[PDB]
Structure formats: structure tokens, C-alpha cells
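Below is model_26.cif, which holds mmCIF, C-alpha atoms and all ligand atoms.
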data_model
loop_
_atom_site.group_PDB
_atom_site.id
_atom_site.type_symbol
_atom_site.label_atom_id
_atom_site.label_comp_id
_atom_site.auth_asym_id
_atom_site.auth_seq_id
_atom_site.Cartn_x
_atom_site.Cartn_y
_atom_site.Cartn_z
ATOM 1 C CA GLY F 1 22.281 5.585 12.650
ATOM 2 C CA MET F 2 20.087 5.408 9.552
ATOM 3 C CA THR F 3 16.306 5.257 10.046
ATOM 4 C CA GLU F 4 14.424 2.057 9.175
ATOM 5 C CA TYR F 5 10.700 1.881 8.354
ATOM 6 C CA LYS F 6 8.804 -1.408 8.372
ATOM 7 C CA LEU F 7 5.922 -1.096 5.900
ATOM 8 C CA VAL F 8 3.181 -3.639 5.187
ATOM 9 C CA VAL F 9 1.100 -4.008 2.014
ATOM 10 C CA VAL F 10 -2.403 -5.439 2.555
ATOM 11 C CA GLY F 11 -5.542 -5.942 0.497
ATOM 12 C CA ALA F 12 -7.530 -8.467 -1.499
ATOM 13 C CA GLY F 13 -5.956 -10.948 -3.893
ATOM 14 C CA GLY F 14 -5.172 -9.477 -7.302
ATOM 15 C CA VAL F 15 -5.149 -5.763 -6.459
ATOM 16 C CA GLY F 16 -1.419 -5.421 -7.219
ATOM 17 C CA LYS F 17 0.279 -5.712 -3.825
ATOM 18 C CA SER F 18 3.218 -7.630 -5.259
ATOM 19 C CA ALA F 19 3.386 -5.552 -8.438
ATOM 20 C CA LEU F 20 3.497 -2.310 -6.437
ATOM 21 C CA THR F 21 6.233 -3.642 -4.169
ATOM 22 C CA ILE F 22 8.340 -4.972 -7.058
ATOM 23 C CA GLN F 23 7.943 -1.633 -8.880
ATOM 24 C CA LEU F 24 9.279 0.199 -5.840
ATOM 25 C CA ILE F 25 12.167 -2.248 -5.382
ATOM 26 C CA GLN F 26 13.117 -3.614 -8.813
ATOM 27 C CA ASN F 27 11.728 -0.798 -10.916
ATOM 28 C CA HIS F 28 9.803 -2.956 -13.326
ATOM 29 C CA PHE F 29 6.242 -4.205 -13.792
ATOM 30 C CA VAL F 30 5.586 -7.836 -13.030
ATOM 31 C CA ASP F 31 2.848 -9.274 -15.250
ATOM 32 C CA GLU F 32 2.348 -12.206 -12.901
ATOM 33 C CA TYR F 33 3.512 -13.101 -9.463
ATOM 34 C CA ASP F 34 2.553 -16.150 -7.399
ATOM 35 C CA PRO F 35 -0.402 -14.994 -5.301
ATOM 36 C CA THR F 36 0.678 -17.173 -2.371
ATOM 37 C CA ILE F 37 4.183 -15.735 -2.105
ATOM 38 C CA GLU F 38 4.540 -13.579 0.986
ATOM 39 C CA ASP F 39 7.968 -12.006 1.446
ATOM 40 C CA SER F 40 9.905 -8.962 2.659
ATOM 41 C CA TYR F 41 11.847 -6.558 0.413
ATOM 42 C CA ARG F 42 14.437 -3.961 1.425
ATOM 43 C CA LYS F 43 15.578 -0.765 -0.271
ATOM 44 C CA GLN F 44 17.533 2.362 0.631
ATOM 45 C CA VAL F 45 15.844 5.544 -0.572
ATOM 46 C CA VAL F 46 15.845 9.302 -0.100
ATOM 47 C CA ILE F 47 12.539 10.876 0.911
ATOM 48 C CA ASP F 48 12.304 14.660 1.131
ATOM 49 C CA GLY F 49 16.099 14.791 1.349
ATOM 50 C CA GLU F 50 16.304 12.282 4.211
ATOM 51 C CA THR F 51 18.047 8.956 3.559
ATOM 52 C CA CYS F 52 16.412 5.870 5.087
ATOM 53 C CA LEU F 53 15.875 2.103 4.857
ATOM 54 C CA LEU F 54 12.536 0.586 3.863
ATOM 55 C CA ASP F 55 11.462 -2.920 4.803
ATOM 56 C CA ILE F 56 8.376 -3.793 2.744
ATOM 57 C CA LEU F 57 6.330 -6.862 3.690
ATOM 58 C CA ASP F 58 4.182 -8.025 0.752
ATOM 59 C CA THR F 59 1.290 -10.047 2.239
ATOM 60 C CA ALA F 60 -0.602 -12.869 0.510
ATOM 61 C CA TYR F 72 6.092 -9.434 11.118
ATOM 62 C CA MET F 73 2.486 -8.288 10.755
ATOM 63 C CA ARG F 74 2.550 -7.051 14.348
ATOM 64 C CA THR F 75 5.865 -5.243 13.865
ATOM 65 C CA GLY F 76 4.335 -3.015 11.190
ATOM 66 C CA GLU F 77 4.913 0.713 11.573
ATOM 67 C CA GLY F 78 2.777 1.650 8.572
ATOM 68 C CA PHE F 79 0.240 -0.052 6.301
ATOM 69 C CA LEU F 80 -0.773 0.352 2.657
ATOM 70 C CA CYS F 81 -4.388 -0.751 2.163
ATOM 71 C CA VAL F 82 -4.684 -1.536 -1.511
ATOM 72 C CA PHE F 83 -7.692 -1.998 -3.735
ATOM 73 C CA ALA F 84 -7.953 -1.875 -7.544
ATOM 74 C CA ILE F 85 -10.012 0.839 -9.209
ATOM 75 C CA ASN F 86 -11.523 -1.746 -11.583
ATOM 76 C CA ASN F 87 -12.384 -4.146 -8.788
ATOM 77 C CA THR F 88 -15.393 -3.094 -6.696
ATOM 78 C CA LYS F 89 -15.119 -6.217 -4.547
ATOM 79 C CA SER F 90 -11.558 -5.290 -3.546
ATOM 80 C CA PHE F 91 -12.807 -1.853 -2.486
ATOM 81 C CA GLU F 92 -15.691 -3.393 -0.558
ATOM 82 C CA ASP F 93 -13.148 -5.522 1.340
ATOM 83 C CA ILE F 94 -10.995 -2.616 2.549
ATOM 84 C CA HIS F 95 -12.840 -2.318 5.886
ATOM 85 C CA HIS F 96 -11.807 -5.878 6.717
ATOM 86 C CA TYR F 97 -8.108 -4.992 6.435
ATOM 87 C CA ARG F 98 -8.546 -1.670 8.239
ATOM 88 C CA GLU F 99 -10.168 -3.453 11.186
ATOM 89 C CA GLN F 100 -7.599 -6.263 11.118
ATOM 90 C CA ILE F 101 -4.776 -3.752 11.505
ATOM 91 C CA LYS F 102 -6.375 -1.914 14.430
ATOM 92 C CA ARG F 103 -6.748 -5.254 16.219
ATOM 93 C CA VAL F 104 -3.176 -6.488 15.768
ATOM 94 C CA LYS F 105 -1.757 -3.064 16.702
ATOM 95 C CA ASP F 106 -4.375 -2.682 19.447
ATOM 96 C CA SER F 107 -4.705 1.005 18.588
ATOM 97 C CA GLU F 108 -7.046 3.446 16.867
ATOM 98 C CA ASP F 109 -3.980 5.358 15.645
ATOM 99 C CA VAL F 110 -1.885 3.534 13.040
ATOM 100 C CA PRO F 111 -0.045 5.159 10.106
ATOM 101 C CA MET F 112 -1.988 4.154 6.996
ATOM 102 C CA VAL F 113 -2.591 5.004 3.349
ATOM 103 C CA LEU F 114 -5.516 3.931 1.162
ATOM 104 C CA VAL F 115 -4.203 2.996 -2.283
ATOM 105 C CA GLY F 116 -6.300 2.725 -5.441
ATOM 106 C CA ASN F 117 -4.180 0.743 -7.884
ATOM 107 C CA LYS F 118 -4.452 0.023 -11.644
ATOM 108 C CA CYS F 119 -5.416 3.613 -12.488
ATOM 109 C CA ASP F 120 -4.008 3.059 -15.974
ATOM 110 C CA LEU F 121 -7.002 0.857 -16.825
ATOM 111 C CA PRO F 122 -10.123 2.455 -18.379
ATOM 112 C CA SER F 123 -12.906 0.332 -16.821
ATOM 113 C CA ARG F 124 -12.958 2.256 -13.526
ATOM 114 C CA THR F 125 -15.810 1.194 -11.236
ATOM 115 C CA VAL F 126 -14.541 2.852 -8.048
ATOM 116 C CA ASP F 127 -14.431 6.621 -8.574
ATOM 117 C CA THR F 128 -12.136 9.084 -6.805
ATOM 118 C CA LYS F 129 -15.065 10.436 -4.739
ATOM 119 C CA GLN F 130 -15.801 7.024 -3.216
ATOM 120 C CA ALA F 131 -12.157 6.383 -2.367
ATOM 121 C CA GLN F 132 -11.670 9.893 -0.967
ATOM 122 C CA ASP F 133 -14.770 9.571 1.232
ATOM 123 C CA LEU F 134 -13.608 6.190 2.572
ATOM 124 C CA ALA F 135 -10.138 7.556 3.302
ATOM 125 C CA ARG F 136 -11.584 10.624 5.029
ATOM 126 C CA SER F 137 -13.741 8.409 7.257
ATOM 127 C CA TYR F 138 -10.484 6.766 8.396
ATOM 128 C CA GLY F 139 -8.552 10.043 8.609
ATOM 129 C CA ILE F 140 -5.923 8.871 6.129
ATOM 130 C CA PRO F 141 -4.642 10.005 2.739
ATOM 131 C CA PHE F 142 -5.765 8.377 -0.505
ATOM 132 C CA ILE F 143 -3.239 7.834 -3.324
ATOM 133 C CA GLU F 144 -3.973 6.688 -6.863
ATOM 134 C CA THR F 145 -1.338 4.366 -8.321
ATOM 135 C CA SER F 146 -0.333 2.225 -11.251
ATOM 136 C CA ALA F 147 2.257 -0.499 -10.827
ATOM 137 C CA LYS F 148 2.244 -0.728 -14.627
ATOM 138 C CA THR F 149 3.149 2.948 -15.279
ATOM 139 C CA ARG F 150 4.772 3.796 -11.896
ATOM 140 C CA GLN F 151 2.124 6.505 -11.335
ATOM 141 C CA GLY F 152 1.914 7.367 -7.638
ATOM 142 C CA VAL F 153 4.060 4.405 -6.567
ATOM 143 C CA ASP F 154 6.724 6.502 -4.823
ATOM 144 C CA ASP F 155 4.005 8.845 -3.527
ATOM 145 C CA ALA F 156 2.094 5.995 -1.840
ATOM 146 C CA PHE F 157 5.114 4.515 -0.032
ATOM 147 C CA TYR F 158 6.655 7.926 0.715
ATOM 148 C CA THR F 159 3.364 9.349 1.997
ATOM 149 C CA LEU F 160 3.227 6.397 4.373
ATOM 150 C CA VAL F 161 6.734 7.189 5.641
ATOM 151 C CA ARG F 162 5.692 10.820 6.123
ATOM 152 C CA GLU F 163 2.686 9.530 8.071
ATOM 153 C CA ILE F 164 5.025 7.400 10.194
ATOM 154 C CA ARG F 165 7.241 10.442 10.797
ATOM 155 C CA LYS F 166 4.154 12.505 11.576
ATOM 156 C CA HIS F 167 2.982 9.703 13.894
ATOM 157 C CA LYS F 168 5.582 10.434 16.576
HETATM 158 N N1 LIG O 201 -2.988 -3.049 -15.611
HETATM 159 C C1 LIG O 201 -2.447 -3.145 -14.371
HETATM 160 N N2 LIG O 201 -2.274 -4.379 -13.865
HETATM 161 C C2 LIG O 201 -1.745 -4.557 -12.644
HETATM 162 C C3 LIG O 201 -1.353 -3.402 -11.847
HETATM 163 N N3 LIG O 201 -0.860 -3.894 -10.690
HETATM 164 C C4 LIG O 201 -0.948 -5.248 -10.746
HETATM 165 N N4 LIG O 201 -1.465 -5.625 -11.925
HETATM 166 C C5 LIG O 201 -1.764 -6.980 -12.411
HETATM 167 O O1 LIG O 201 -2.771 -7.587 -11.590
HETATM 168 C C6 LIG O 201 -2.477 -8.974 -11.416
HETATM 169 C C7 LIG O 201 -2.289 -9.283 -9.943
HETATM 170 O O2 LIG O 201 -1.286 -8.407 -9.439
HETATM 171 P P1 LIG O 201 -0.473 -8.855 -8.130
HETATM 172 O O3 LIG O 201 0.657 -7.893 -7.845
HETATM 173 O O4 LIG O 201 0.010 -10.292 -8.226
HETATM 174 O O5 LIG O 201 -1.654 -8.726 -7.024
HETATM 175 P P2 LIG O 201 -1.617 -9.204 -5.476
HETATM 176 O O6 LIG O 201 -2.394 -10.501 -5.341
HETATM 177 O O7 LIG O 201 -2.316 -8.127 -4.662
HETATM 178 O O8 LIG O 201 -0.208 -9.401 -4.979
HETATM 179 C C8 LIG O 201 -1.223 -9.246 -12.225
HETATM 180 O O9 LIG O 201 -1.677 -9.743 -13.481
HETATM 181 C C9 LIG O 201 -0.559 -7.895 -12.357
HETATM 182 O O10 LIG O 201 0.248 -7.780 -13.526
HETATM 183 C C10 LIG O 201 -1.561 -2.080 -12.466
HETATM 184 O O11 LIG O 201 -1.262 -1.040 -11.851
HETATM 185 N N5 LIG O 201 -2.106 -2.043 -13.690
HETATM 186 MG MG MG O 202 0.956 -10.915 -4.449
#
What does this structure look like when you write it as C-alpha cells?
Amino acid sequence: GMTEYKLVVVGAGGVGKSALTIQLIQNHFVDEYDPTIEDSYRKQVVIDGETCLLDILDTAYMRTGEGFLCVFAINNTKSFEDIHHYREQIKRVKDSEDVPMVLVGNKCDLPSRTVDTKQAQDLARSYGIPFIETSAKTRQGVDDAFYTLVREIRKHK
């Protein structure tokens, strides 16, 4: 059969969890999206030549997660400061120190960057995970983030 990957998008309010998901799925940038709406979105894609099904859960099911995107916004220091909370949450619900994960720095199209690449890279390295810069507005890195996570899930086992 065709492979299915259950992915989960986590992070502080306003970082672009919904916008990133809707970019991946509907291929357009949502300028506003109810912050309390939590829902799952499905899409068939090809990644590195392999066809598969994605099941993205956009948080505002959690235990069934095979891979997690931890999102902060590069113009939102508070959202970056909060990442550890989500990291630790995931390790608790999965009851494991080994969970496929990607750190995502979103809104890289904006000029008022307060979290530099160095900081993000160092944080990611301390977790042993990749760091991907993204923009839900421009589509920069959007595929890369979600695909990298699938490659991490494939690399997981
Ligand atoms: N400029 C810019 N704005 C973004 C980006 N991603 C999300 N936003 C905006 O940030 C706000 C909150 O985004 P949203 O997806 O609802 O964040 P969420 O609470 O994490 O789900 C909205 O006004 C979005 O249009 C981005 O990459 N660039
Ligand atoms: Mg949202």
C-alpha cells in the first residue's frame, strides 16, 4: 500500500502554524486564520520520488504523531524562548528521547529579525534535529520543512 505519515505542527500562538499548513495543502497564504481552530489536513505528495500520504495536524491525535514541526517566528523572540516547552511536551507524550522533529523558523520574509540563524542552529543542534527557515507568505522552505520531517521519519526506523 501507499505510505502515510502523521505530522504535527506545534508552537506558540501567531508563529504561522496554520499558514504553513495551508500553504502546503492549499498553496496559498492565509492572512488570518482563527487561532483556536485545530484541525487535520491531508495531501498526497511525492518526496524524493516516493509517493505518500501526509496527515497534518495543525494545533492551536497528539499521541499518534510520527513527526513534529516545532515552529517559532524569526521576528518573535518570545516564540523562540517557548520552543523548549513544546520539545519537552513531545518527549513526554511519546515517552521517548527519540522523536522525529524539525525546528522551523517562520516569517523569514520579514526584515525585523530578532532571532538569528546562529541561535536557531545552536538550539536545533542541542536537540540533534535539523533547522529549516520558512516563509508561509513566499513558500520559502515550506516543502523543505515538511519533507525533511518525512525524511527524518524514514530515517527513524
Ligand atoms: N509575513 C508573514 N506572516 C505570516 C507568515 N506565516 C504566518 N503569518 C501571519 O502571522 C499571523 C498568524 O499566523 P497563523 O498561521 O494564524 O499562526 P498560528 O497561531 O501559529 O496558527 C497571520 O497574520 C499570518 O498571516 C509568514 O511566513 N510571513
Ligand atoms: Mg493557527
*Long-range neighbours of stretch 36-49 of chain F as a ChimeraX atom specification, 7 Å cut-off, all atoms listed in the file, 3 positions minimum in chain*: /F:25,52-60,158
For C-alpha atoms, I'd like the residues from the last selection saved as a PDB file, in the coordinates of the input.
ATOM      1  CA  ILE F  25      12.167  -2.248  -5.382  1.00  0.00           C
ATOM      2  CA  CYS F  52      16.412   5.870   5.087  1.00  0.00           C
ATOM      3  CA  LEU F  53      15.875   2.103   4.857  1.00  0.00           C
ATOM      4  CA  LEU F  54      12.536   0.586   3.863  1.00  0.00           C
ATOM      5  CA  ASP F  55      11.462  -2.920   4.803  1.00  0.00           C
ATOM      6  CA  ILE F  56       8.376  -3.793   2.744  1.00  0.00           C
ATOM      7  CA  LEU F  57       6.330  -6.862   3.690  1.00  0.00           C
ATOM      8  CA  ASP F  58       4.182  -8.025   0.752  1.00  0.00           C
ATOM      9  CA  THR F  59       1.290 -10.047   2.239  1.00  0.00           C
ATOM     10  CA  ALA F  60      -0.602 -12.869   0.510  1.00  0.00           C
ATOM     11  CA  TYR F 158       6.655   7.926   0.715  1.00  0.00           C
TER      12      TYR F 158
END
*What would the list of residues within 12 Å of (-3.2, 5.1, 17.3) (file frame) look like as an MDAnalysis selection string, if all atoms listed in the file are what count?*
chainID F and resid 77:78 101:112 138:139 163:164 166:168
*Looking at only C-alpha atoms and all ligand atoms, which of F:4, F:34, F:154, F:127 is the one that sits closest to ligand LIG 201 (chain O)?*
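For ligand LIG 201 (chain O), the nearest of the given residues is F:34.
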Can you report as lines of an AutoDock Vina configuration file the centre and edge lengths in Å, to one decimal, of an axis-aligned box around the listed atoms of stretch 2-15 of chain F padded with 5 Å on each side?
center_x = 6.3
center_y = -2.8
center_z = 1.4
size_x = 37.6
size_y = 26.4
size_z = 27.3
_Expansion of the PyMOL selection byres (((chain F and resi 21) around 10) and not hetatm) into residues, as a PyMOL selection string_ = chain F and resi 8-9+16-20+22-30+40-42+56-58+147+153+157
Go ahead and save the residues from that selection, with C-alpha atoms, as a PDB file, keeping the file's coordinate frame.
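Below is the file selection-v2.pdb, written as the result:
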ATOM      1  CA  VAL F   8       3.181  -3.639   5.187  1.00  0.00           C
ATOM      2  CA  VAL F   9       1.100  -4.008   2.014  1.00  0.00           C
ATOM      3  CA  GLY F  16      -1.419  -5.421  -7.219  1.00  0.00           C
ATOM      4  CA  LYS F  17       0.279  -5.712  -3.825  1.00  0.00           C
ATOM      5  CA  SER F  18       3.218  -7.630  -5.259  1.00  0.00           C
ATOM      6  CA  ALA F  19       3.386  -5.552  -8.438  1.00  0.00           C
ATOM      7  CA  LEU F  20       3.497  -2.310  -6.437  1.00  0.00           C
ATOM      8  CA  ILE F  22       8.340  -4.972  -7.058  1.00  0.00           C
ATOM      9  CA  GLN F  23       7.943  -1.633  -8.880  1.00  0.00           C
ATOM     10  CA  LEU F  24       9.279   0.199  -5.840  1.00  0.00           C
ATOM     11  CA  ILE F  25      12.167  -2.248  -5.382  1.00  0.00           C
ATOM     12  CA  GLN F  26      13.117  -3.614  -8.813  1.00  0.00           C
ATOM     13  CA  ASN F  27      11.728  -0.798 -10.916  1.00  0.00           C
ATOM     14  CA  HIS F  28       9.803  -2.956 -13.326  1.00  0.00           C
ATOM     15  CA  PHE F  29       6.242  -4.205 -13.792  1.00  0.00           C
ATOM     16  CA  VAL F  30       5.586  -7.836 -13.030  1.00  0.00           C
ATOM     17  CA  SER F  40       9.905  -8.962   2.659  1.00  0.00           C
ATOM     18  CA  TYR F  41      11.847  -6.558   0.413  1.00  0.00           C
ATOM     19  CA  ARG F  42      14.437  -3.961   1.425  1.00  0.00           C
ATOM     20  CA  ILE F  56       8.376  -3.793   2.744  1.00  0.00           C
ATOM     21  CA  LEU F  57       6.330  -6.862   3.690  1.00  0.00           C
ATOM     22  CA  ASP F  58       4.182  -8.025   0.752  1.00  0.00           C
ATOM     23  CA  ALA F 147       2.257  -0.499 -10.827  1.00  0.00           C
ATOM     24  CA  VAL F 153       4.060   4.405  -6.567  1.00  0.00           C
ATOM     25  CA  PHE F 157       5.114   4.515  -0.032  1.00  0.00           C
TER      26      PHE F 157
END
_Nearby residues (all atoms listed in the file) at most 9 Å from residue F:87, same-chain spacing under 5 positions excluded, as a list in words_ = residues 15, 92, 124, 125 and 126 of chain F
*asked:* So, with only C-alpha atoms and all ligand atoms as the atoms that count, which of F:156, F:143, F:82, F:7 lies closest to ligand MG 202 (chain O)?
replied: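 So, comparing all the options, the nearest one is F:82.
Using only C-alpha atoms, the smallest distance between any of F:115, F:73, F:81, F:121 and residue F:149 comes from F:121.
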*From the set F:85, F:12, F:131, F:2, which residue has the shortest atom-to-atom contact distance to residue F:113, counting all atoms listed in the file?*
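Using all atoms listed in the file, residue F:113 sits closest to F:131.
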*Taking into account only C-alpha atoms and all ligand atoms, which residue in the set F:1, F:13, F:141, F:76 is nearest to ligand LIG 201 (chain O)?*
F:13
*asked:* To one decimal place in Å, what is the distance between atom CA of residue F:151 and atom CA of residue F:75?
replied: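 Interatomic distance, atom CA of residue F:151 to atom CA of residue F:75: 28.1 Å.
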*Of the candidates F:145, F:79, F:6, F:88, which one gets nearest to ligand LIG 201 (chain O) if we count all atoms listed in the file?*
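Nearest candidate to ligand LIG 201 (chain O) out of F:145, F:79, F:6, F:88: F:145.
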*What gap, in Å, lies between atom CA of residue F:119 and atom CA of residue F:33?*
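A separation of 19.2 Å between them.
Between atom CA of residue F:116 and atom CA of residue F:144 lies a distance of 4.8 Å.
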Missing atoms in stretch 16-41 of chain F should be modelled up to N, CA, C and O atoms and reported as a short mmCIF file (atom, residue, chain, number, x, y, z; two decimals), in the frame of the given file.
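Result written to out.cif:
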data_model
loop_
_atom_site.label_atom_id
_atom_site.label_comp_id
_atom_site.auth_asym_id
_atom_site.auth_seq_id
_atom_site.Cartn_x
_atom_site.Cartn_y
_atom_site.Cartn_z
N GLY F 16 -2.73 -5.89 -6.81
CA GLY F 16 -1.42 -5.42 -7.22
C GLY F 16 -0.46 -5.15 -6.08
O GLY F 16 0.41 -4.29 -6.19
N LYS F 17 -0.61 -5.88 -4.97
CA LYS F 17 0.28 -5.71 -3.82
C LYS F 17 1.72 -6.05 -4.20
O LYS F 17 2.65 -5.31 -3.90
N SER F 18 1.89 -7.19 -4.86
CA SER F 18 3.22 -7.63 -5.26
C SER F 18 3.77 -6.72 -6.34
O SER F 18 4.93 -6.30 -6.27
N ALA F 19 2.95 -6.40 -7.33
CA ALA F 19 3.39 -5.55 -8.44
C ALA F 19 3.85 -4.18 -7.95
O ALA F 19 4.86 -3.65 -8.44
N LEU F 20 3.12 -3.60 -7.01
CA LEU F 20 3.50 -2.31 -6.44
C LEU F 20 4.84 -2.40 -5.72
O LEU F 20 5.71 -1.55 -5.91
N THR F 21 5.00 -3.44 -4.91
CA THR F 21 6.23 -3.64 -4.17
C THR F 21 7.41 -3.81 -5.13
O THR F 21 8.41 -3.12 -5.01
N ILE F 22 7.26 -4.70 -6.11
CA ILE F 22 8.34 -4.97 -7.06
C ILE F 22 8.67 -3.74 -7.91
O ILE F 22 9.82 -3.53 -8.29
N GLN F 23 7.67 -2.90 -8.21
CA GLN F 23 7.94 -1.63 -8.88
C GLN F 23 8.85 -0.76 -8.02
O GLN F 23 9.85 -0.23 -8.49
N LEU F 24 8.48 -0.61 -6.76
CA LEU F 24 9.28 0.20 -5.84
C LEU F 24 10.72 -0.32 -5.77
O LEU F 24 11.67 0.45 -5.91
N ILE F 25 10.86 -1.63 -5.57
CA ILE F 25 12.17 -2.25 -5.38
C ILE F 25 12.96 -2.47 -6.67
O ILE F 25 14.09 -1.99 -6.79
N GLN F 26 12.38 -3.19 -7.62
CA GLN F 26 13.12 -3.61 -8.81
C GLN F 26 12.85 -2.70 -10.01
O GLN F 26 13.44 -2.88 -11.08
N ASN F 27 11.98 -1.74 -9.86
CA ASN F 27 11.73 -0.80 -10.92
C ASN F 27 11.24 -1.38 -12.21
O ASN F 27 11.51 -0.88 -13.26
N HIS F 28 10.47 -2.44 -12.14
CA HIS F 28 9.80 -2.96 -13.33
C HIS F 28 8.46 -3.58 -12.96
O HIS F 28 8.21 -3.87 -11.79
N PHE F 29 7.61 -3.73 -13.97
CA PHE F 29 6.24 -4.20 -13.79
C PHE F 29 6.15 -5.70 -14.00
O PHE F 29 6.48 -6.22 -15.07
N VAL F 30 5.72 -6.40 -12.96
CA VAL F 30 5.59 -7.84 -13.03
C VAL F 30 4.17 -8.17 -13.50
O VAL F 30 3.18 -7.75 -12.91
N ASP F 31 4.11 -8.91 -14.61
CA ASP F 31 2.85 -9.27 -15.25
C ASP F 31 2.17 -10.43 -14.52
O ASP F 31 0.97 -10.65 -14.67
N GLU F 32 2.94 -11.18 -13.74
CA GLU F 32 2.35 -12.21 -12.90
C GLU F 32 3.31 -12.52 -11.78
O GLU F 32 4.53 -12.45 -11.95
N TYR F 33 2.75 -12.84 -10.65
CA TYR F 33 3.51 -13.10 -9.46
C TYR F 33 2.66 -14.02 -8.61
O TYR F 33 1.50 -13.76 -8.41
N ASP F 34 3.24 -15.12 -8.16
CA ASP F 34 2.55 -16.15 -7.40
C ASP F 34 1.75 -15.49 -6.30
O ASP F 34 2.30 -14.77 -5.53
N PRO F 35 0.45 -15.73 -6.25
CA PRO F 35 -0.40 -14.99 -5.30
C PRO F 35 -0.19 -15.46 -3.86
O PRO F 35 -0.62 -14.77 -2.94
N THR F 36 0.47 -16.60 -3.69
CA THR F 36 0.68 -17.17 -2.37
C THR F 36 2.04 -16.81 -1.79
O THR F 36 2.35 -17.15 -0.65
N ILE F 37 2.86 -16.11 -2.57
CA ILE F 37 4.18 -15.74 -2.10
C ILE F 37 4.10 -14.49 -1.24
O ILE F 37 3.75 -13.41 -1.71
N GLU F 38 4.43 -14.67 0.03
CA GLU F 38 4.54 -13.58 0.99
C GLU F 38 6.01 -13.44 1.35
O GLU F 38 6.66 -14.42 1.71
N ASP F 39 6.54 -12.23 1.22
CA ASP F 39 7.97 -12.01 1.45
C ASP F 39 8.28 -10.55 1.77
O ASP F 39 7.44 -9.67 1.56
N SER F 40 9.48 -10.31 2.29
CA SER F 40 9.90 -8.96 2.66
C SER F 40 10.99 -8.45 1.70
O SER F 40 11.86 -9.21 1.28
N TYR F 41 10.93 -7.17 1.37
CA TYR F 41 11.85 -6.56 0.41
C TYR F 41 12.43 -5.28 0.99
O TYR F 41 11.70 -4.46 1.54
#
